[PDB]
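Protein chains in written order, with the deposited numbering: chain G, 346 to 681; chain H, 346 to 681; chain I, 346 to 681. Here the structure is laid out as structure tokens; the discussion comes afterwards.
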């Protein structure tokens, strides 16, 4: 009887198991560490006897992924596009769209300029997807202490000064709030430097997270669109920001937004409606109200990245696509 | 002469004893630990010479379970349904309904899609029931310290930070208030993380329990209805919440509800009456007054789970069944 | 010359001594420990040469029990009833009624469904009676420390937290006030848990005793009437409680009752008069004034148990028998 949940469990029918699943999942963990910077816990492989082909992924033993692979399913494609179509189903919890392809169709898709997974990889490229939706749960206080104890090899004075500046719970909160926005924390040295520089002059951890986001803005803007080509930007017009700035209320532990449910909701469906025009769009708002806006749209729209004007340097052009704007609701709609 | 009561004693006539009772009770304890997360103390088996077939379950040597199995009783069914009927009796203390079945009738019931216990299992499936009604008594201060000392293997910094945040009595109070609502505490890591994040900004342990309940809401909503099918929700109309919000009185150790016995009582019989329409219903109220409402209906209706609006995510639909509503009583009924 | 009185001395004529008195008294001590939870000190047997058959029981060397067994006395019955009668005498200090029976009459009484003591047991069943009248003197500060040092085997953190909460004299006071009401303290774990939960928010030890009584209310209601059959309840009407609530006066060390001797006395004889209708009755009053009422009737009526409304759960019915009520006296009788 040992307390503490088992962190990561992958349950598979013995048909799906193979000899290269171990090293494939190992390489998946290594790649995810190099990309997002959060060291994932080693996976526990459980063989579940079942005639029906099914796999499940268990985070802390709460079933969060469950999928049944069809019989003809041997080549896997993540996401859907116009060039290749056929046998597509939507992942649960709104994680997206996937397709199963035959040998020839998948060869054509691979030739078209995409990646096609076949064999044990079909597990990894699925498992990885799940991890990208639940990454923020693998960085807490103990994981933060592990990162700091690993960084005490080369940066001993940096870690010591940081500890003298901020207690470990605030560091863990900042790292978690960074990771839950798909901002990589591989560059821990710069993060610790920014928290040290901006720690004496600030007390709400959320502002520290904003500052660490700004100091990483080069990395963020590279990881969004790797090539220098301009990808679209959806500005928010001054109405919504001017609305939300009066929602800022300050207590001894920070500043929080207080908007009526009507304003929140209408913002959510209007943003959702305006995002159907193109597959990938980047929302943009002001610096002072970026975080608050994320806090009013993180629950439903998770994959959409909410940048800020200062987080885009003057070396990046804007390629404006739309202009979202609303006035208040309770006093009068005036835009809605 | 050794002080301290004997925790768990099962007294049986020598007829009921067997060779597989030891490992059966062991597996029962293991399953209950994996389900609810509270490590139960090892059971003491006492053989009670009695011609009459009778068993008793003793928590701290205060007889709390006493049942006499009939002579023809060899196959056991927990709960009653329309498909199978015959030889049904109600467990004491309002623990429910059970049936004893013959070999053929129990085979038919098992084929119908239920579980039938026969042999030593008839003890376990009964004993377990008792444990599910008294679980909250097996988590105190010493048990909390045992859990923390077990979690000091992998999460040392998490436990140290928690201790620096909250004294052990508040942690034990929070865990007990969680377990006495059938909220599993198997995921201790997330519980400690939430208590660490929300401990500096809060002093009434009951609010901390509310926050830990919210952070577990995915688990709670899975454990209530394991399948994604919508199961019924009984809302409470705004009258009762608007009534009870003025019952909140704040002292230096927290906020408590103060309602006249008339309001409490009328709420209890009206809820009890409205719950006879369906076997299983989930009450729903507001976030601010969930706990208080539980505190005014925990004594009589224990098995009914009282969720909250925020504890249900926007990814779960509502399947409204009824709408409970009352006004005040002392000033004027106005609904009653 | 050694300070400190000899705790328990039983003085007997050599006629009454036997070879099985040692183990009989040992089993008596063990049973009393399992029942009331207070570990009694080992008895010192003194042989007192006397032609007259007489025994004495000495608590701290102050003669408190003295009885002379008649010549024809070989079978002993404790208490008197209608079915068997003959050779009955009243124990001193109002401890009750006993009977000596011949072989055939005692056999008939045993067949009637009672217990009959013969031989060395006639000492034990008498000695035990004395112990049940003076139990509260065997739990002080040293005995409390012995109980806590025994409970430091399995509950180390529970005892440590309790000590950090309450000094040992308050714990001893609470245990003594519990034992002097025939409330068993065998379940020390729950008592310590309740004192830990309710210690920060309270300073008068008497309230802590009330809370520990409430948390034990299951044990208490079982030990009063072991079977689920309803046994009578004598309510007190609102007059006396409404009278006594203004007697509550609060000093820096707690709240005490201050009533004129007339009110006290009249309450005592009226209760005594109303209790002659039935052999066994349970007084009931409000939660706020139970303890005070006991404090105004403990001196004369000791054996009568004074429960409280909250100490009876809603699962127990009331079987009201009478309704005691009085108004004030000094201002005007108005009921008396």
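Cβ coordinates follow ideal geometry from the N, Cα and C atoms, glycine included.
- In this structure, DSSP gives residue 537(I) a helical state, which the three-state scheme calls helix.
- Shown here for residue 374(H): same chain residues with a beta carbon closer than 6 Å to its own, the five before and five after excluded, namely 385 in chain order.
- Taking a C-beta cut-off of 8 Å against chain G, the contacting residues of the stretch 543-569 of chain H are 545, 546, 563, 564, 567, listed in chain order.
- The residue from 674(I), 491(I), 458(I) with its alpha-carbon nearest to that of residue 347(H) is 491(I).
- Contact check for residue 558(H) against residue 526(H) passes: the beta carbons are separated by less than 9 Å.
- Using a Cβ distance threshold of 9 Å, residue 588(G) and residue 629(G) do not count as a contacting pair.
- Residue 430(G) and residue 632(H) have their C-alpha atoms roughly 45 Å apart.
- Taking residue 529(I) as reference, the option from 541(I), 567(I), 502(I), 447(I) with the minimal CA-CA separation is 567(I).
- In this structure, the CA atom of residue 667(G) is about 21 Å from the CA atom of residue 660(G).
- Assigned with DSSP and collapsed to three states, residue 405(H) falls in coil, not helix or strand.
- C-alpha of residue 376(G) to C-alpha of residue 472(G): approximately 13 Å in a straight line.
- Approximately 6 Å separates the beta-carbon atoms of residue 578(G) and residue 664(G); this is inside 8 Å, confirming the contact.
- Taking CB atoms only, residue 490(H) has a neighbour in chain I less than 9 Å away.
- Using a Cβ-Cβ cut-off of 7 Å, residue 541(I) is close to 486, 514 of chain H, given in chain order.
- If you draw a straight line from the Cα of residue 596(I) to the Cα of residue 519(I), it is about 19 Å long.
- The C-beta of residue 514(G) has 16 or more other C-beta atoms within 10 Å across all chains shown, which makes the residue buried.
- Distance from the CA atom of residue 444(I) to the CA atom of residue 355(I), rounded to whole angstroms, is 21 Å.
- A Cβ-Cβ distance of about 7 Å is found for the pair residue 404(H) and residue 353(H), placing them in contact under the 8 Å criterion.
- Where residue 441(G) is concerned, the enclosing beta strand (DSSP E) starts and stops at 441-446.
- Under the 8 Å Cβ criterion, the stretch 462-471 of chain I does not count as touching the stretch 496-510 of chain I, having fewer than three qualifying pairs.
- Taking a C-beta cut-off of 9 Å against chain H, the contacting residues of the stretch 385-412 of chain G are 405, 406, 407, 408, 409, listed in chain order.
- Between residue 453(I) and residue 370(H), the alpha-carbon positions lie close to 46 Å from each other.
- Residue 617(I) and residue 613(H) have their C-alpha atoms some 39 Å from each other.
- Residue pairing from DSSP places residue 665(H) in a beta bridge opposite 578(H).
- Judged by their CB atoms, residue 590(G) and residue 603(G) are not nearer to each other than the 9 Å cut-off.
- In the DSSP assignment, residue 601(G) is bridged to 594(G).
- Taking 9 Å as the CB threshold, residue 659(H) lines the interface with chain G.
- For a Cβ distance threshold of 8 Å, residue set 350, 405, 406, 407 of chain G lies close to residue 532(H), ordered along the chain.
- Within the stretch 643-667 of chain G, contact with chain H at the beta-carbon level (separation under 9 Å) is assigned to 644, 645.
- At a beta-carbon threshold of 8 Å, none of the residues of chain I lie near residue 475(H); the nearest stands roughly 14 Å away.
- At least one CB of chain H lies nearer than 9 Å to the CB of residue 598(G).
- Excluding sequence positions up to five before and after residue 670(I), its CB lies within less than 8 Å of the CB of 581, 582, 583, 584, 585, 680, all in the same chain and listed in chain order.
- In the three-state scheme derived from DSSP, where H, G and I count as helix and E and B as strand, residue 491(H) is classed as helix.
- Distances from the alpha-carbon of residue 575(I) to those of 605(I), 387(I), 627(I) put 627(I) closest.
- Along the length of the stretch 499-577 of chain G, whole alpha helix (DSSP H) runs at least 4 residues long occupy 501-510, 513-524, 533-543, 550-560, 562-569, reported in chain order.
- A Cβ of chain H is located within less than 9 Å of the beta carbon of residue 496(I).
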